[PDB]
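J.: If you scroll down you'll find the structure; I have some questions about it.
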Amino acid sequence: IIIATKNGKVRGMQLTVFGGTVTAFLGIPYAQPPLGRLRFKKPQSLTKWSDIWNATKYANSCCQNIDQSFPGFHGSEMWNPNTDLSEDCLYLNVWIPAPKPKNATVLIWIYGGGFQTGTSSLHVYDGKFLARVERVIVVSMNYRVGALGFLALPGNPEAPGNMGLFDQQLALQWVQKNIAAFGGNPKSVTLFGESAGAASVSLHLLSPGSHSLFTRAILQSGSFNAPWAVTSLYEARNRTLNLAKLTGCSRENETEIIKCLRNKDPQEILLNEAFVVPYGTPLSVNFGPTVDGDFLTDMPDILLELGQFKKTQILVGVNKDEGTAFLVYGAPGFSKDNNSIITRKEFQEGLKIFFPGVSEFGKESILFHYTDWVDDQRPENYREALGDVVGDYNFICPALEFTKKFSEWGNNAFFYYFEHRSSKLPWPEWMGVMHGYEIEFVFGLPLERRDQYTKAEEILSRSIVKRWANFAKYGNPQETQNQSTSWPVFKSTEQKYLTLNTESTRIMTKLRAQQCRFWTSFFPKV
Ligand SMILES: *[C@@H]1O[C@H](CO[C@@H]2O[C@@H](C)[C@@H](O)[C@@H](O)[C@@H]2O)[C@@H](O[C@@H]2O[C@H](CO)[C@@H](O)[C@H](O)[C@H]2NC(C)=O)[C@H](O)[C@H]1NC(C)=O
Ligand SMILES: *[C@@H]1O[C@H](CO[C@@H]2O[C@@H](C)[C@@H](O)[C@@H](O)[C@@H]2O)[C@@H](O[C@@H]2O[C@H](CO)[C@@H](O)[C@H](O)[C@H]2NC(C)=O)[C@H](O)[C@H]1NC(C)=O
Ligand SMILES: *[C@@H]1O[C@H](CO[C@@H]2O[C@@H](C)[C@@H](O)[C@@H](O)[C@@H]2O)[C@@H](O[C@@H]2O[C@H](CO)[C@@H](O)[C@H](O)[C@H]2NC(C)=O)[C@H](O)[C@H]1NC(C)=O
Ligand SMILES: CCCCN(CCc1c[nH]c2cc(O)ccc12)CCC1CCCCCC1
Ligand SMILES: *[C@@H]1O[C@H](CO[C@@H]2O[C@@H](C)[C@@H](O)[C@@H](O)[C@@H]2O)[C@@H](O)[C@H](O)[C@H]1NC(C)=O
Ligand SMILES: *[C@@H]1O[C@H](CO[C@@H]2O[C@@H](C)[C@@H](O)[C@@H](O)[C@@H]2O)[C@@H](O)[C@H](O)[C@H]1NC(C)=O
Ligand SMILES: CC(=O)N[C@H]1[C@H]([C@H](O)[C@H](O)CO)O[C@@](O)(C(=O)O)C[C@@H]1O
Ligand SMILES: *[C@@H]1O[C@H](CO)[C@@H](O)[C@H](O)[C@H]1NC(C)=O
């Protein structure tokens, strides 16, 4: 029940899972609380304790704005924090199999939420099923988001940028120094994450300070080359100065600006985050990763292109309808409570919401590439086109381009296309296989027979859980026993990928080839 770590003793709790037992340590601190003079700085190392730390409940979630667009709707609210918000939020969780394993592979989860939201305590990130079923150890951590996690004045240690990424890194360090005491193998650590969590994972593959802290990496619906994932040196500064003006903290000594922002309540910083950009989108990452000269040494597109990253296996993938979820947070004519049949004029209006600073010619060129109908009378034509536009530009094409470029330097890569709509999904049917709704299958929630999922979904989750676990243990995401479809490596020539669904697993080639040539090779010139 009690494990001695390098900083002190922690006490866990016993969980009953599938007629078996998992030991959970919820809320182990891994850094000095970033409070007071520590706000905005890199995370500081934690001093020893002599008592027994009780890690039996999830800790505080990091300060963040909350989705209030659909009060009382489980579809949006399941992503809102489920513990108190506090700047005192640098804690992590460990699920170990019972009985204590001897040398278990470790899976470290990094949540998404656009670098502005998210928390490790969410129900769909419960690691107890992976521990029970595959005998891996699951670790997840809270990291700072929003301006408190990524405010940037490059070079200035009072606010150097990328603090949230350094939080994640200090947690990976904790796993290296401490996980053997829990039965884990620090030499067999697989990072996995979704959305901004996946972008984070892709940046740890790029940061030299993370290279000895993990073995392999899994990227679900995200990567650093997505247009939302990296704030520019220019933008970050305009945004830092705009936040200072909004809080009455405009000063000339840049350090006295930070000092002034350190006497503001967290609530005042959160209220003004939305407005630092003149035109935002539903996908807007107001404060995100930057080229800080510490975590990130050069612009990441250049490092990817020139082979400057950790050489290892990656598992990458995306969902069939990445884009649809964002259409009901601003696009005109849309609603989760009707079928959202939009006109051509509403389509064009929607491009202005999602591409606010793009030229007229650029928006016409999107319209031209996505409105060459196979049938011009289908009334859902424009509704589906805008979802595909948003998903292809923001997620699917950047992930495919990351996988091609990474694989060109000789490592095995595996690419999946998730296309199952959860039978319990509370969003309407027109949004399809939504952004974020593979996560519960990865974490094995359908394996609980009590949870109203179908048995076909139990089989799909069971197979995904095995493939993920085999990837982390052996570099190879196969299911070798139940006559499953073999997952081939993704090579830059043939570009084979595997489809994940309840009907038939299939091998296909060159996903969204025609679409991604537009986004990756033409649209960057506009
Ligand atoms: C626990 O296992 C490690 C080996 O981990 C494996 O090898 C990694 C390279 C990676 O592929 C993981 O996914 C694997 O599971 C043992 O490491 C050995 O330690 C001895 C120390 O005497 C060293 O001489 C060997 O070179 C190491 N082997 C490798 C392959 O690096 C470790 O000893 C095991 N510890 C316990 C307590 O079981
Ligand atoms: C860079 O910053 C300036 C300043 O932004 C303004 O102040 C902030 C506190 C915030 O409330 C913003 O929404 C404000 O607009 C931006 O300049 C503004 O641009 C808008 C339209 O682009 C214009 O209507 C305002 O009058 C401008 N205000 C000032 C003081 O210049 C600017 O657009 C930002 N971005 C770029 C790329 O320059
Ligand atoms: C689908 O609904 C949108 C959103 O309208 C709101 O939500 C509905 C479910 C309903 O309760 C409405 O009363 C709400 O206002 C509709 O878009 C609106 O259309 C009106 C024209 O009647 C327009 O003035 C508003 O600006 C629109 N609102 C937005 C956010 O675009 C849309 O017409 C509905 N489409 C279908 C096919 O039913
Ligand atoms: C201005 C409105 C922002 C609302 N947002 C929430 C915060 C956010 C901003 N930008 C992002 C980018 C991402 O990849 C993921 C989340 C976010 C989208 C909410 C969705 C969560 C993810 C799964 C779909 C269901 C609703
Ligand atoms: C830490 O926890 C200690 C033991 O917890 C108690 O015993 C177990 C079996 C559970 O039933 C649990 O709910 C009980 O509370 C406490 O004795 C100790 O006071 C705790 N320390 C602090 C600082 O709260
Ligand atoms: C594999 O299947 C198990 C149950 O299926 C039975 O066993 C296999 C080996 C075949 O003989 C089949 O005809 C039987 O019905 C599941 O319990 C197990 O979880 C499955 N494993 C994975 C990774 O999906
Ligand atoms: C506010 C509102 O009218 N909600 C309606 C919901 C949602 O619109 C969808 O589940 C998508 O969110 O759909 C129902 O058909 C349903 O699922 O039983 C009935 C209900 O009236
Ligand atoms: C800004 O203030 C800090 C703290 O008082 C001081 O160390 C620094 O030298 C000042 N810089 C300038 C340019 O005034």
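All residue numbers here begin at 1 and follow the chain in the order shown.
Using the three backbone atoms N, Cα and C, a Cβ is placed for every residue, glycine included.
Below are the features I grabbed from Swiss-Prot:
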CARBOHYD  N54  N-linked glycosylation site
DISULFID  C62-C89  disulfide bond
BINDING   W79, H435  tacrine binding site
CARBOHYD  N103  N-linked glycosylation site
BINDING   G113, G114  substrate binding site
MOD_RES   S195  phosphoserine
ACT_SITE  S195  active site, acyl-ester intermediate
CARBOHYD  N238  N-linked glycosylation site
DISULFID  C249-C260  disulfide bond
CARBOHYD  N253  N-linked glycosylation site
ACT_SITE  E322  active site, charge relay system
CARBOHYD  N338  N-linked glycosylation site
DISULFID  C397-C516  disulfide bond
ACT_SITE  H435  active site, charge relay system
CARBOHYD  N482  N-linked glycosylation site
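How buried are these features, and what lies next to them?
T.: DSSP assigns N54 (N-linked glycosylation site) to a strand segment in the three-state reduction. In the structure as shown, the Cβ atom of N54 (N-linked glycosylation site) sits within 10 Å of 13 other Cβ atoms.
Spatially close to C89 (disulfide bond) yet at least six residues away along the chain are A59, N60, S61, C62, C63, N142, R144, judged by Cβ distances under 8 angstroms.
Annotation for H435 (tacrine binding site): spatial neighbours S195, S221, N319, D321, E322, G323, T324, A325, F326, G391, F395, criterion Cβ-Cβ under 8 Å with sequence separation of six or more. In this structure, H435 (tacrine binding site) belongs to neither helix nor strand by DSSP; it is coil.
All protein chains considered, the CB of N103 (N-linked glycosylation site) has 11 other CB atoms within 10 Å.
Reduced to three states, the DSSP call for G113 (substrate binding site) is coil.
Taken residue by residue with DSSP, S195 (phosphoserine) is part of neither helix nor strand, so it is coil.
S195 (phosphoserine) counts 27 other C-beta atoms within 10 Å of its own C-beta, drawing on all protein chains shown.
The Cβ neighbour count for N238 (N-linked glycosylation site), using a 10 Å radius and every protein chain shown, is 14. Secondary structure from DSSP puts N238 (N-linked glycosylation site) in a helix.
Using a 10 Å Cβ-Cβ cutoff, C260 (disulfide bond) registers 15 neighbours.
In three-state terms derived from DSSP, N253 (N-linked glycosylation site) belongs to neither a helical nor a strand segment and is classed as coil.
Within its own chain, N338 (N-linked glycosylation site) has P428 as residues 6 or more apart in sequence whose C-beta sits under 8 angstroms from its own.
Under the three-state DSSP scheme, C397 (disulfide bond) falls in the helix class.
Taking Cβ-Cβ distances under 8 Å and a sequence separation of 6 or more, the neighbours of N482 (N-linked glycosylation site) in its chain are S463. Mapped onto three states, the DSSP output places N482 (N-linked glycosylation site) in coil.
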J.: At the Cα level, what's the spacing in Å between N238 (N-linked glycosylation site) and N103 (N-linked glycosylation site), rounded?
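T.: With distance taken Cα to Cα, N103 (N-linked glycosylation site) is 49 Å from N238 (N-linked glycosylation site).
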J.: How many whole Å apart are the CA atoms of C260 (disulfide bond) and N253 (N-linked glycosylation site)?
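T.: That comes out at 11 Å between the alpha carbons.
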J.: To the nearest whole angstrom, state the Cα distance for the pair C397 (disulfide bond) and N54 (N-linked glycosylation site).
T.: 45
J.: Taking ligand 8 as the reference, state which of the recorded positions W79, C89, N253, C260, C516 have a Cβ closer than 6 Å to one of its atoms.
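T.: Near ligand 8, sequence order: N253.
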J.: Near ligand 1, which of the recorded positions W79, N103, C249, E322, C516 are found, taking a Cβ distance under 6 A to any of its atoms?
T.: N103
J.: How many other Cβ atoms are found within 10 Å of the Cβ atom of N253 (N-linked glycosylation site), counting all protein chains shown?
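T.: Here the count is 8.
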